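Data file: work.json. Format and content: JSON, N, CA, C and O atoms; unseen atoms left out.
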```json
[["chain", "number", "residue", "atom", "x", "y", "z"],
["T", 1, "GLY", "N", -20.22, 17.65, 79.30],
["T", 1, "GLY", "CA", -20.40, 16.95, 78.00],
["T", 1, "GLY", "C", -19.17, 16.15, 77.62],
["T", 1, "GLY", "O", -18.73, 16.17, 76.46],
["T", 2, "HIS", "N", -18.59, 15.45, 78.59],
["T", 2, "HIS", "CA", -17.45, 14.60, 78.34],
["T", 2, "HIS", "C", -17.79, 13.50, 77.35],
["T", 2, "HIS", "O", -18.90, 12.97, 77.34],
["T", 3, "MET", "N", -16.82, 13.17, 76.50],
["T", 3, "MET", "CA", -16.92, 12.02, 75.62],
["T", 3, "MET", "C", -16.11, 10.92, 76.29],
["T", 3, "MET", "O", -15.26, 11.21, 77.14],
["T", 4, "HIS", "N", -16.36, 9.67, 75.92],
["T", 4, "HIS", "CA", -15.70, 8.55, 76.59],
["T", 4, "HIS", "C", -14.50, 8.02, 75.79],
["T", 4, "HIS", "O", -14.63, 7.72, 74.61],
["T", 5, "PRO", "N", -13.34, 7.92, 76.45],
["T", 5, "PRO", "CA", -12.12, 7.41, 75.80],
["T", 5, "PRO", "C", -12.34, 6.03, 75.20],
["T", 5, "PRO", "O", -13.01, 5.20, 75.83],
["T", 6, "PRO", "N", -11.80, 5.77, 74.00],
["T", 6, "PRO", "CA", -11.93, 4.45, 73.39],
["T", 6, "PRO", "C", -11.11, 3.39, 74.11],
["T", 6, "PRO", "O", -10.17, 3.71, 74.85],
["T", 7, "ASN", "N", -11.48, 2.14, 73.90],
["T", 7, "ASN", "CA", -10.73, 1.01, 74.42],
["T", 7, "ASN", "C", -9.77, 0.50, 73.35],
["T", 7, "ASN", "O", -10.17, -0.18, 72.42],
["T", 8, "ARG", "N", -8.50, 0.87, 73.49],
["T", 8, "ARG", "CA", -7.48, 0.48, 72.52],
["T", 8, "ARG", "C", -6.44, -0.43, 73.16],
["T", 8, "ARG", "O", -5.87, -0.11, 74.20],
["T", 9, "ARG", "N", -6.20, -1.57, 72.52],
["T", 9, "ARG", "CA", -5.28, -2.57, 73.04],
["T", 9, "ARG", "C", -3.90, -1.98, 73.26],
["T", 9, "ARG", "O", -3.29, -1.44, 72.34],
["T", 10, "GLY", "N", -3.41, -2.07, 74.49],
["T", 10, "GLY", "CA", -2.06, -1.67, 74.81],
["T", 10, "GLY", "C", -1.87, -0.19, 75.09],
["T", 10, "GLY", "O", -0.74, 0.26, 75.30],
["T", 11, "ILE", "N", -2.95, 0.58, 75.09],
["T", 11, "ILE", "CA", -2.87, 2.00, 75.42],
["T", 11, "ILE", "C", -3.78, 2.33, 76.60],
["T", 11, "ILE", "O", -4.99, 2.09, 76.56],
["T", 12, "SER", "N", -3.18, 2.88, 77.65],
["T", 12, "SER", "CA", -3.93, 3.37, 78.80],
["T", 12, "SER", "C", -4.09, 4.88, 78.67],
["T", 12, "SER", "O", -3.10, 5.60, 78.55],
["T", 13, "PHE", "N", -5.33, 5.35, 78.70],
["T", 13, "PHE", "CA", -5.59, 6.79, 78.62],
["T", 13, "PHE", "C", -5.56, 7.41, 80.01],
["T", 13, "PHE", "O", -6.59, 7.73, 80.60],
["T", 14, "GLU", "N", -4.34, 7.55, 80.52],
["T", 14, "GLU", "CA", -4.09, 8.18, 81.79],
["T", 14, "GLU", "C", -2.97, 9.18, 81.60],
["T", 14, "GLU", "O", -2.09, 8.99, 80.76],
["T", 15, "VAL", "N", -3.01, 10.26, 82.37],
["T", 15, "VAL", "CA", -1.90, 11.19, 82.41],
["T", 15, "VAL", "C", -0.67, 10.47, 82.94],
["T", 15, "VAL", "O", -0.70, 9.87, 84.01],
["T", 16, "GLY", "N", 0.41, 10.51, 82.16],
["T", 16, "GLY", "CA", 1.65, 9.85, 82.54],
["T", 16, "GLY", "C", 1.85, 8.51, 81.86],
["T", 16, "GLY", "O", 2.92, 7.92, 81.94],
["T", 17, "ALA", "N", 0.82, 8.03, 81.16],
["T", 17, "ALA", "CA", 0.89, 6.74, 80.48],
["T", 17, "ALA", "C", 1.80, 6.85, 79.26],
["T", 17, "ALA", "O", 1.89, 7.92, 78.64],
["T", 18, "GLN", "N", 2.46, 5.75, 78.91],
["T", 18, "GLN", "CA", 3.39, 5.77, 77.79],
["T", 18, "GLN", "C", 2.80, 5.09, 76.56],
["T", 18, "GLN", "O", 1.97, 4.19, 76.67],
["T", 19, "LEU", "N", 3.25, 5.54, 75.40],
["T", 19, "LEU", "CA", 2.85, 4.97, 74.12],
["T", 19, "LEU", "C", 3.78, 5.53, 73.06],
["T", 19, "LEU", "O", 4.73, 6.24, 73.37],
["T", 20, "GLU", "N", 3.50, 5.21, 71.80],
["T", 20, "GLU", "CA", 4.26, 5.77, 70.69],
["T", 20, "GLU", "C", 3.32, 6.56, 69.80],
["T", 20, "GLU", "O", 2.14, 6.22, 69.66],
["T", 21, "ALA", "N", 3.85, 7.61, 69.20],
["T", 21, "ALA", "CA", 3.06, 8.47, 68.33],
["T", 21, "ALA", "C", 3.91, 8.93, 67.16],
["T", 21, "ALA", "O", 5.13, 8.96, 67.25],
["T", 22, "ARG", "N", 3.25, 9.28, 66.06],
["T", 22, "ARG", "CA", 3.96, 9.76, 64.89],
["T", 22, "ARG", "C", 3.89, 11.28, 64.81],
["T", 22, "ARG", "O", 2.80, 11.85, 64.80],
["T", 23, "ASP", "N", 5.05, 11.92, 64.74],
["T", 23, "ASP", "CA", 5.10, 13.37, 64.70],
["T", 23, "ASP", "C", 4.77, 13.83, 63.29],
["T", 23, "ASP", "O", 4.47, 13.00, 62.42],
["T", 24, "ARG", "N", 4.84, 15.13, 63.06],
["T", 24, "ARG", "CA", 4.43, 15.71, 61.78],
["T", 24, "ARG", "C", 5.34, 15.31, 60.62],
["T", 24, "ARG", "O", 4.92, 15.32, 59.46],
["T", 25, "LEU", "N", 6.58, 14.94, 60.94],
["T", 25, "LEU", "CA", 7.51, 14.46, 59.93],
["T", 25, "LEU", "C", 7.33, 12.97, 59.65],
["T", 25, "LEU", "O", 8.04, 12.39, 58.83],
["T", 26, "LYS", "N", 6.35, 12.36, 60.32],
["T", 26, "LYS", "CA", 5.97, 10.97, 60.05],
["T", 26, "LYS", "C", 6.98, 9.98, 60.63],
["T", 26, "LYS", "O", 7.18, 8.89, 60.08],
["T", 27, "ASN", "N", 7.61, 10.35, 61.73],
["T", 27, "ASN", "CA", 8.47, 9.45, 62.48],
["T", 27, "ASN", "C", 7.82, 9.05, 63.80],
["T", 27, "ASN", "O", 7.17, 9.87, 64.45],
["T", 28, "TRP", "N", 7.99, 7.80, 64.20],
["T", 28, "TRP", "CA", 7.44, 7.33, 65.47],
["T", 28, "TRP", "C", 8.46, 7.48, 66.59],
["T", 28, "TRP", "O", 9.64, 7.16, 66.42],
["T", 29, "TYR", "N", 8.02, 7.97, 67.74],
["T", 29, "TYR", "CA", 8.88, 8.06, 68.92],
["T", 29, "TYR", "C", 8.09, 7.68, 70.16],
["T", 29, "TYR", "O", 6.86, 7.73, 70.17],
["T", 30, "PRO", "N", 8.81, 7.31, 71.23],
["T", 30, "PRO", "CA", 8.15, 7.03, 72.51],
["T", 30, "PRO", "C", 7.55, 8.32, 73.06],
["T", 30, "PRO", "O", 8.12, 9.39, 72.84],
["T", 31, "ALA", "N", 6.42, 8.23, 73.74],
["T", 31, "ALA", "CA", 5.76, 9.44, 74.22],
["T", 31, "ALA", "C", 4.98, 9.18, 75.51],
["T", 31, "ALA", "O", 4.78, 8.04, 75.92],
["T", 32, "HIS", "N", 4.55, 10.27, 76.14],
["T", 32, "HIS", "CA", 3.76, 10.18, 77.35],
["T", 32, "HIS", "C", 2.55, 11.10, 77.24],
["T", 32, "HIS", "O", 2.64, 12.18, 76.64],
["T", 33, "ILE", "N", 1.43, 10.68, 77.80],
["T", 33, "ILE", "CA", 0.23, 11.51, 77.81],
["T", 33, "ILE", "C", 0.37, 12.61, 78.85],
["T", 33, "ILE", "O", 0.46, 12.34, 80.05],
["T", 34, "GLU", "N", 0.38, 13.86, 78.39],
["T", 34, "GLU", "CA", 0.53, 15.00, 79.28],
["T", 34, "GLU", "C", -0.81, 15.40, 79.88],
["T", 34, "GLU", "O", -0.90, 15.74, 81.06],
["T", 35, "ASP", "N", -1.85, 15.34, 79.06],
["T", 35, "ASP", "CA", -3.18, 15.73, 79.47],
["T", 35, "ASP", "C", -4.20, 14.98, 78.65],
["T", 35, "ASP", "O", -3.88, 14.44, 77.59],
["T", 36, "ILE", "N", -5.43, 14.93, 79.14],
["T", 36, "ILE", "CA", -6.53, 14.37, 78.38],
["T", 36, "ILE", "C", -7.72, 15.31, 78.40],
["T", 36, "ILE", "O", -8.20, 15.72, 79.46],
["T", 37, "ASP", "N", -8.18, 15.65, 77.20],
["T", 37, "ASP", "CA", -9.26, 16.60, 77.01],
["T", 37, "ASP", "C", -10.54, 15.83, 76.71],
["T", 37, "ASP", "O", -10.83, 15.50, 75.56],
["T", 38, "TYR", "N", -11.30, 15.54, 77.76],
["T", 38, "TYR", "CA", -12.52, 14.74, 77.64],
["T", 38, "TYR", "C", -13.59, 15.50, 76.87],
["T", 38, "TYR", "O", -14.49, 14.91, 76.28],
["T", 39, "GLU", "N", -13.47, 16.82, 76.91],
["T", 39, "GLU", "CA", -14.39, 17.71, 76.22],
["T", 39, "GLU", "C", -14.38, 17.46, 74.72],
["T", 39, "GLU", "O", -15.43, 17.27, 74.10],
["T", 40, "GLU", "N", -13.18, 17.44, 74.13],
["T", 40, "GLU", "CA", -13.05, 17.31, 72.68],
["T", 40, "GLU", "C", -12.48, 15.96, 72.25],
["T", 40, "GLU", "O", -12.34, 15.68, 71.05],
["T", 41, "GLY", "N", -12.15, 15.10, 73.22],
["T", 41, "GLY", "CA", -11.70, 13.75, 72.92],
["T", 41, "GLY", "C", -10.30, 13.73, 72.36],
["T", 41, "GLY", "O", -10.05, 13.16, 71.30],
["T", 42, "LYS", "N", -9.37, 14.36, 73.07],
["T", 42, "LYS", "CA", -7.99, 14.45, 72.62],
["T", 42, "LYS", "C", -7.00, 14.23, 73.75],
["T", 42, "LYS", "O", -7.34, 14.33, 74.93],
["T", 43, "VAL", "N", -5.76, 13.93, 73.38],
["T", 43, "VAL", "CA", -4.69, 13.75, 74.35],
["T", 43, "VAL", "C", -3.48, 14.58, 73.94],
["T", 43, "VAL", "O", -3.07, 14.58, 72.78],
["T", 44, "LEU", "N", -2.92, 15.30, 74.91],
["T", 44, "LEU", "CA", -1.71, 16.07, 74.67],
["T", 44, "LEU", "C", -0.51, 15.14, 74.76],
["T", 44, "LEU", "O", -0.27, 14.53, 75.80],
["T", 45, "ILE", "N", 0.23, 15.03, 73.67],
["T", 45, "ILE", "CA", 1.36, 14.11, 73.62],
["T", 45, "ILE", "C", 2.69, 14.81, 73.85],
["T", 45, "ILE", "O", 3.01, 15.80, 73.19],
["T", 46, "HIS", "N", 3.46, 14.30, 74.80],
["T", 46, "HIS", "CA", 4.83, 14.76, 75.00],
["T", 46, "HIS", "C", 5.82, 13.70, 74.56],
["T", 46, "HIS", "O", 5.89, 12.62, 75.15],
["T", 47, "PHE", "N", 6.59, 14.01, 73.52],
["T", 47, "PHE", "CA", 7.69, 13.15, 73.12],
["T", 47, "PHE", "C", 8.83, 13.26, 74.11],
["T", 47, "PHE", "O", 9.21, 14.35, 74.53],
["T", 48, "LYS", "N", 9.37, 12.11, 74.49],
["T", 48, "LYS", "CA", 10.49, 12.04, 75.42],
["T", 48, "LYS", "C", 11.61, 12.99, 75.03],
["T", 48, "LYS", "O", 12.08, 12.97, 73.89],
["T", 49, "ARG", "N", 12.02, 13.84, 75.98],
["T", 49, "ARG", "CA", 13.19, 14.70, 75.83],
["T", 49, "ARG", "C", 12.93, 15.97, 75.03],
["T", 49, "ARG", "O", 13.72, 16.91, 75.09],
["T", 50, "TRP", "N", 11.84, 16.00, 74.28],
["T", 50, "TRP", "CA", 11.54, 17.16, 73.45],
["T", 50, "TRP", "C", 11.28, 18.39, 74.31],
["T", 50, "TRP", "O", 10.90, 18.28, 75.47],
["T", 51, "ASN", "N", 11.49, 19.55, 73.71],
["T", 51, "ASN", "CA", 11.02, 20.80, 74.30],
["T", 51, "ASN", "C", 9.50, 20.78, 74.30],
["T", 51, "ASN", "O", 8.87, 20.46, 73.29],
["T", 52, "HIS", "N", 8.91, 21.11, 75.45],
["T", 52, "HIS", "CA", 7.47, 20.99, 75.62],
["T", 52, "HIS", "C", 6.66, 21.89, 74.69],
["T", 52, "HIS", "O", 5.45, 21.73, 74.57],
["T", 53, "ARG", "N", 7.33, 22.83, 74.03],
["T", 53, "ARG", "CA", 6.63, 23.69, 73.08],
["T", 53, "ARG", "C", 6.23, 22.89, 71.84],
["T", 53, "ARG", "O", 5.42, 23.35, 71.03],
["T", 54, "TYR", "N", 6.79, 21.69, 71.71],
["T", 54, "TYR", "CA", 6.49, 20.81, 70.58],
["T", 54, "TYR", "C", 5.44, 19.74, 70.91],
["T", 54, "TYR", "O", 5.15, 18.88, 70.08],
["T", 55, "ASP", "N", 4.88, 19.80, 72.12],
["T", 55, "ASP", "CA", 3.81, 18.88, 72.49],
["T", 55, "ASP", "C", 2.64, 19.06, 71.54],
["T", 55, "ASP", "O", 2.35, 20.17, 71.10],
["T", 56, "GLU", "N", 1.97, 17.96, 71.20],
["T", 56, "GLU", "CA", 0.91, 18.02, 70.21],
["T", 56, "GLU", "C", -0.36, 17.32, 70.71],
["T", 56, "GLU", "O", -0.30, 16.26, 71.32],
["T", 57, "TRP", "N", -1.50, 17.93, 70.42],
["T", 57, "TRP", "CA", -2.78, 17.30, 70.68],
["T", 57, "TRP", "C", -3.08, 16.29, 69.57],
["T", 57, "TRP", "O", -2.84, 16.55, 68.39],
["T", 58, "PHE", "N", -3.62, 15.14, 69.97],
["T", 58, "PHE", "CA", -4.00, 14.07, 69.06],
["T", 58, "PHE", "C", -5.41, 13.63, 69.40],
["T", 58, "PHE", "O", -5.74, 13.45, 70.57],
["T", 59, "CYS", "N", -6.26, 13.43, 68.39],
["T", 59, "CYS", "CA", -7.55, 12.79, 68.63],
["T", 59, "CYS", "C", -7.25, 11.39, 69.17],
["T", 59, "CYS", "O", -6.39, 10.69, 68.65],
["T", 60, "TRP", "N", -7.96, 10.99, 70.22],
["T", 60, "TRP", "CA", -7.60, 9.75, 70.89],
["T", 60, "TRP", "C", -7.94, 8.48, 70.10],
["T", 60, "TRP", "O", -7.54, 7.38, 70.47],
["T", 61, "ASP", "N", -8.66, 8.66, 68.99],
["T", 61, "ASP", "CA", -8.90, 7.56, 68.06],
["T", 61, "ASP", "C", -7.84, 7.54, 66.97],
["T", 61, "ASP", "O", -7.91, 6.75, 66.03],
["T", 62, "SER", "N", -6.83, 8.40, 67.11],
["T", 62, "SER", "CA", -5.86, 8.63, 66.04],
["T", 62, "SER", "C", -5.05, 7.38, 65.69],
["T", 62, "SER", "O", -4.59, 6.66, 66.58],
["T", 63, "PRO", "N", -4.87, 7.12, 64.38],
["T", 63, "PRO", "CA", -4.05, 6.03, 63.85],
["T", 63, "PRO", "C", -2.57, 6.29, 64.09],
["T", 63, "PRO", "O", -1.75, 5.38, 63.94],
["T", 64, "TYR", "N", -2.25, 7.51, 64.48],
["T", 64, "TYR", "CA", -0.87, 7.92, 64.71],
["T", 64, "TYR", "C", -0.55, 7.85, 66.20],
["T", 64, "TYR", "O", 0.41, 8.46, 66.68],
["T", 65, "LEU", "N", -1.36, 7.08, 66.92],
["T", 65, "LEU", "CA", -1.05, 6.65, 68.28],
["T", 65, "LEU", "C", -1.00, 5.13, 68.25],
["T", 65, "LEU", "O", -1.75, 4.49, 67.51],
["T", 66, "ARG", "N", -0.11, 4.54, 69.04],
["T", 66, "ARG", "CA", -0.02, 3.09, 69.12],
["T", 66, "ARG", "C", 0.76, 2.66, 70.37],
["T", 66, "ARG", "O", 1.51, 3.46, 70.94],
["T", 67, "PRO", "N", 0.59, 1.40, 70.79],
["T", 67, "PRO", "CA", 1.22, 0.92, 72.03],
["T", 67, "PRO", "C", 2.74, 0.86, 71.98],
["T", 67, "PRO", "O", 3.34, 0.86, 70.90],
["T", 68, "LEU", "N", 3.36, 0.79, 73.16],
["T", 68, "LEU", "CA", 4.80, 0.70, 73.29],
["T", 68, "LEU", "C", 5.26, -0.66, 72.77],
["T", 68, "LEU", "O", 5.92, -0.75, 71.73],
["T", 69, "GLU", "N", 4.90, -1.72, 73.49],
["T", 69, "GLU", "CA", 5.22, -3.08, 73.09],
["T", 69, "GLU", "C", 6.64, -3.17, 72.54]]
```

Target format structure tokens, applied to this file:
Amino acid sequence: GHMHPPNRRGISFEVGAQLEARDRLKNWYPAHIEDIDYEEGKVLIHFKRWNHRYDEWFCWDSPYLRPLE
């Protein structure tokens, strides 16, 4: 019952792909897609250099994801 990833300009939904995301404190940082959950339509975000215990799942339609550019 996979759902289909959206088509978003400047974002590739692949493991290892780069983008920017806003953390819980509402700051944007560069990030990489660690995993993609086709089941629930989410992506595990790893912020560069962070301890991986701080990785966060984001709905892939999330406004708090955006391209590197």

Where is the centre and how long are the edges: axis-aligned box on range 30-33 of chain T, 3 Å on each side, Å to one decimal, as lines of an AutoDock Vina configuration file:
```
center_x = 4.5
center_y = 9.8
center_z = 75.6
size_x = 14.6
size_y = 11.6
size_z = 14.8
```

Please provide as a CSV table (one decimal) with N, CA, C and O atoms, in the frame of the given file all residues within 5 Å of residue 31 in chain T, with the sequence filter that same-chain residues fewer than 3 positions apart are discarded (counting only N, CA, C and O atoms).
```
chain,number,residue,atom,x,y,z
T,17,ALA,N,0.8,8.0,81.2
T,17,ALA,CA,0.9,6.7,80.5
T,17,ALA,C,1.8,6.8,79.3
T,17,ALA,O,1.9,7.9,78.6
T,18,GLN,N,2.5,5.8,78.9
T,18,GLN,CA,3.4,5.8,77.8
T,18,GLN,C,2.8,5.1,76.6
T,18,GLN,O,2.0,4.2,76.7
T,19,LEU,N,3.2,5.5,75.4
T,19,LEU,CA,2.8,5.0,74.1
T,19,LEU,C,3.8,5.5,73.1
T,19,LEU,O,4.7,6.2,73.4
T,20,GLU,N,3.5,5.2,71.8
T,20,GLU,CA,4.3,5.8,70.7
T,20,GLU,C,3.3,6.6,69.8
T,20,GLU,O,2.1,6.2,69.7
T,46,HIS,N,3.5,14.3,74.8
T,46,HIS,CA,4.8,14.8,75.0
T,46,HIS,C,5.8,13.7,74.6
T,46,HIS,O,5.9,12.6,75.2
T,47,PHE,N,6.6,14.0,73.5
T,47,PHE,CA,7.7,13.2,73.1
T,47,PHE,C,8.8,13.3,74.1
T,47,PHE,O,9.2,14.4,74.5
T,48,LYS,N,9.4,12.1,74.5
T,48,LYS,CA,10.5,12.0,75.4
T,48,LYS,C,11.6,13.0,75.0
T,48,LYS,O,12.1,13.0,73.9
```

Using only N, CA, C and O atoms, determine which residues lie at most 5 Å from range 54-56 of chain T, disregarding the query and same-chain residues fewer than 6 positions distant; provide the list as a list in words.
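Residues meeting the cut-off are residues 43, 44, 45 and 46 of chain T.
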
Using all atoms listed in the file, which residues sit within 7 Å of residue 22 in chain T once same-chain residues fewer than 5 positions away are excluded, as a PyMOL selection string?
chain T and resi 27-29+63-66

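Across the structure, atom O of residue 7 in chain T and atom O of residue 36 in chain T are spaced 17.5 Å apart.
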
Interatomic distance between atom N of residue 15 in chain T and atom C of residue 42 in chain T?
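Spanning atom N of residue 15 in chain T to atom C of residue 42 in chain T is a straight-line distance of 10.3 Å.
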
If you measure from CA of residue 40 in chain T to CA of residue 25 in chain T, what distance in Å do you get, rounded to one decimal?
24.4 Å

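If all atoms listed in the file are the atoms counted, then among T:23, T:10, T:69, T:60 the closest residue to residue 37 in chain T is T:60.
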
Pick from T:49, T:62, T:14, T:1: nearest to residue 35 in chain T, with only C-alpha atoms counted?
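Counting only C-alpha atoms, the residue closest to residue 35 in chain T is T:14.
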
How would you write, as a PDB file with N, CA, C and O atoms, in the frame of the given file, the set of residues in chain T that DSSP gives as strand (DSSP E)?
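Dumped everything to states.pdb:
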```
ATOM      1  N   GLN T  18       2.460   5.750  78.910  1.00  0.00           N
ATOM      2  CA  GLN T  18       3.390   5.770  77.790  1.00  0.00           C
ATOM      3  C   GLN T  18       2.800   5.090  76.560  1.00  0.00           C
ATOM      4  O   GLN T  18       1.970   4.190  76.670  1.00  0.00           O
ATOM      5  N   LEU T  19       3.250   5.540  75.400  1.00  0.00           N
ATOM      6  CA  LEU T  19       2.850   4.970  74.120  1.00  0.00           C
ATOM      7  C   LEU T  19       3.780   5.530  73.060  1.00  0.00           C
ATOM      8  O   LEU T  19       4.730   6.240  73.370  1.00  0.00           O
ATOM      9  N   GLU T  20       3.500   5.210  71.800  1.00  0.00           N
ATOM     10  CA  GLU T  20       4.260   5.770  70.690  1.00  0.00           C
ATOM     11  C   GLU T  20       3.320   6.560  69.800  1.00  0.00           C
ATOM     12  O   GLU T  20       2.140   6.220  69.660  1.00  0.00           O
ATOM     13  N   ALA T  21       3.850   7.610  69.200  1.00  0.00           N
ATOM     14  CA  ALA T  21       3.060   8.470  68.330  1.00  0.00           C
ATOM     15  C   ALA T  21       3.910   8.930  67.160  1.00  0.00           C
ATOM     16  O   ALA T  21       5.130   8.960  67.250  1.00  0.00           O
ATOM     17  N   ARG T  22       3.250   9.280  66.060  1.00  0.00           N
ATOM     18  CA  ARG T  22       3.960   9.760  64.890  1.00  0.00           C
ATOM     19  C   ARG T  22       3.890  11.280  64.810  1.00  0.00           C
ATOM     20  O   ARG T  22       2.800  11.850  64.800  1.00  0.00           O
ATOM     21  N   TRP T  28       7.990   7.800  64.200  1.00  0.00           N
ATOM     22  CA  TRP T  28       7.440   7.330  65.470  1.00  0.00           C
ATOM     23  C   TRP T  28       8.460   7.480  66.590  1.00  0.00           C
ATOM     24  O   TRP T  28       9.640   7.160  66.420  1.00  0.00           O
ATOM     25  N   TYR T  29       8.020   7.970  67.740  1.00  0.00           N
ATOM     26  CA  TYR T  29       8.880   8.060  68.920  1.00  0.00           C
ATOM     27  C   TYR T  29       8.090   7.680  70.160  1.00  0.00           C
ATOM     28  O   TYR T  29       6.860   7.730  70.170  1.00  0.00           O
ATOM     29  N   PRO T  30       8.810   7.310  71.230  1.00  0.00           N
ATOM     30  CA  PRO T  30       8.150   7.030  72.510  1.00  0.00           C
ATOM     31  C   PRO T  30       7.550   8.320  73.060  1.00  0.00           C
ATOM     32  O   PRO T  30       8.120   9.390  72.840  1.00  0.00           O
ATOM     33  N   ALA T  31       6.420   8.230  73.740  1.00  0.00           N
ATOM     34  CA  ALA T  31       5.760   9.440  74.220  1.00  0.00           C
ATOM     35  C   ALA T  31       4.980   9.180  75.510  1.00  0.00           C
ATOM     36  O   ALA T  31       4.780   8.040  75.920  1.00  0.00           O
ATOM     37  N   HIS T  32       4.550  10.270  76.140  1.00  0.00           N
ATOM     38  CA  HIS T  32       3.760  10.180  77.350  1.00  0.00           C
ATOM     39  C   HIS T  32       2.550  11.100  77.240  1.00  0.00           C
ATOM     40  O   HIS T  32       2.640  12.180  76.640  1.00  0.00           O
ATOM     41  N   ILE T  33       1.430  10.680  77.800  1.00  0.00           N
ATOM     42  CA  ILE T  33       0.230  11.510  77.810  1.00  0.00           C
ATOM     43  C   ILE T  33       0.370  12.610  78.850  1.00  0.00           C
ATOM     44  O   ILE T  33       0.460  12.340  80.050  1.00  0.00           O
ATOM     45  N   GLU T  34       0.380  13.860  78.390  1.00  0.00           N
ATOM     46  CA  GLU T  34       0.530  15.000  79.280  1.00  0.00           C
ATOM     47  C   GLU T  34      -0.810  15.400  79.880  1.00  0.00           C
ATOM     48  O   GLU T  34      -0.900  15.740  81.060  1.00  0.00           O
ATOM     49  N   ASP T  35      -1.850  15.340  79.060  1.00  0.00           N
ATOM     50  CA  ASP T  35      -3.180  15.730  79.470  1.00  0.00           C
ATOM     51  C   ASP T  35      -4.200  14.980  78.650  1.00  0.00           C
ATOM     52  O   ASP T  35      -3.880  14.440  77.590  1.00  0.00           O
ATOM     53  N   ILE T  36      -5.430  14.930  79.140  1.00  0.00           N
ATOM     54  CA  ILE T  36      -6.530  14.370  78.380  1.00  0.00           C
ATOM     55  C   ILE T  36      -7.720  15.310  78.400  1.00  0.00           C
ATOM     56  O   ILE T  36      -8.200  15.720  79.460  1.00  0.00           O
ATOM     57  N   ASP T  37      -8.180  15.650  77.200  1.00  0.00           N
ATOM     58  CA  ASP T  37      -9.260  16.600  77.010  1.00  0.00           C
ATOM     59  C   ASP T  37     -10.540  15.830  76.710  1.00  0.00           C
ATOM     60  O   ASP T  37     -10.830  15.500  75.560  1.00  0.00           O
ATOM     61  N   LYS T  42      -9.370  14.360  73.070  1.00  0.00           N
ATOM     62  CA  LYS T  42      -7.990  14.450  72.620  1.00  0.00           C
ATOM     63  C   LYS T  42      -7.000  14.230  73.750  1.00  0.00           C
ATOM     64  O   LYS T  42      -7.340  14.330  74.930  1.00  0.00           O
ATOM     65  N   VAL T  43      -5.760  13.930  73.380  1.00  0.00           N
ATOM     66  CA  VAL T  43      -4.690  13.750  74.350  1.00  0.00           C
ATOM     67  C   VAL T  43      -3.480  14.580  73.940  1.00  0.00           C
ATOM     68  O   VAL T  43      -3.070  14.580  72.780  1.00  0.00           O
ATOM     69  N   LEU T  44      -2.920  15.300  74.910  1.00  0.00           N
ATOM     70  CA  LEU T  44      -1.710  16.070  74.670  1.00  0.00           C
ATOM     71  C   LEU T  44      -0.510  15.140  74.760  1.00  0.00           C
ATOM     72  O   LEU T  44      -0.270  14.530  75.800  1.00  0.00           O
ATOM     73  N   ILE T  45       0.230  15.030  73.670  1.00  0.00           N
ATOM     74  CA  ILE T  45       1.360  14.110  73.620  1.00  0.00           C
ATOM     75  C   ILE T  45       2.690  14.810  73.850  1.00  0.00           C
ATOM     76  O   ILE T  45       3.010  15.800  73.190  1.00  0.00           O
ATOM     77  N   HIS T  46       3.460  14.300  74.800  1.00  0.00           N
ATOM     78  CA  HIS T  46       4.830  14.760  75.000  1.00  0.00           C
ATOM     79  C   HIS T  46       5.820  13.700  74.560  1.00  0.00           C
ATOM     80  O   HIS T  46       5.890  12.620  75.150  1.00  0.00           O
ATOM     81  N   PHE T  47       6.590  14.010  73.520  1.00  0.00           N
ATOM     82  CA  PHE T  47       7.690  13.150  73.120  1.00  0.00           C
ATOM     83  C   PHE T  47       8.830  13.260  74.110  1.00  0.00           C
ATOM     84  O   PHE T  47       9.210  14.350  74.530  1.00  0.00           O
ATOM     85  N   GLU T  56       1.970  17.960  71.200  1.00  0.00           N
ATOM     86  CA  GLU T  56       0.910  18.020  70.210  1.00  0.00           C
ATOM     87  C   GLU T  56      -0.360  17.320  70.710  1.00  0.00           C
ATOM     88  O   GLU T  56      -0.300  16.260  71.320  1.00  0.00           O
ATOM     89  N   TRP T  57      -1.500  17.930  70.420  1.00  0.00           N
ATOM     90  CA  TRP T  57      -2.780  17.300  70.680  1.00  0.00           C
ATOM     91  C   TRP T  57      -3.080  16.290  69.570  1.00  0.00           C
ATOM     92  O   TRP T  57      -2.840  16.550  68.390  1.00  0.00           O
ATOM     93  N   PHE T  58      -3.620  15.140  69.970  1.00  0.00           N
ATOM     94  CA  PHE T  58      -4.000  14.070  69.060  1.00  0.00           C
ATOM     95  C   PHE T  58      -5.410  13.630  69.400  1.00  0.00           C
ATOM     96  O   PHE T  58      -5.740  13.450  70.570  1.00  0.00           O
ATOM     97  N   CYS T  59      -6.260  13.430  68.390  1.00  0.00           N
ATOM     98  CA  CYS T  59      -7.550  12.790  68.630  1.00  0.00           C
ATOM     99  C   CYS T  59      -7.250  11.390  69.170  1.00  0.00           C
ATOM    100  O   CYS T  59      -6.390  10.690  68.650  1.00  0.00           O
ATOM    101  N   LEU T  65      -1.360   7.080  66.920  1.00  0.00           N
ATOM    102  CA  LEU T  65      -1.050   6.650  68.280  1.00  0.00           C
ATOM    103  C   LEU T  65      -1.000   5.130  68.250  1.00  0.00           C
ATOM    104  O   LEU T  65      -1.750   4.490  67.510  1.00  0.00           O
ATOM    105  N   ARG T  66      -0.110   4.540  69.040  1.00  0.00           N
ATOM    106  CA  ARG T  66      -0.020   3.090  69.120  1.00  0.00           C
ATOM    107  C   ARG T  66       0.760   2.660  70.370  1.00  0.00           C
ATOM    108  O   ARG T  66       1.510   3.460  70.940  1.00  0.00           O
TER     109      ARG T  66
END
```
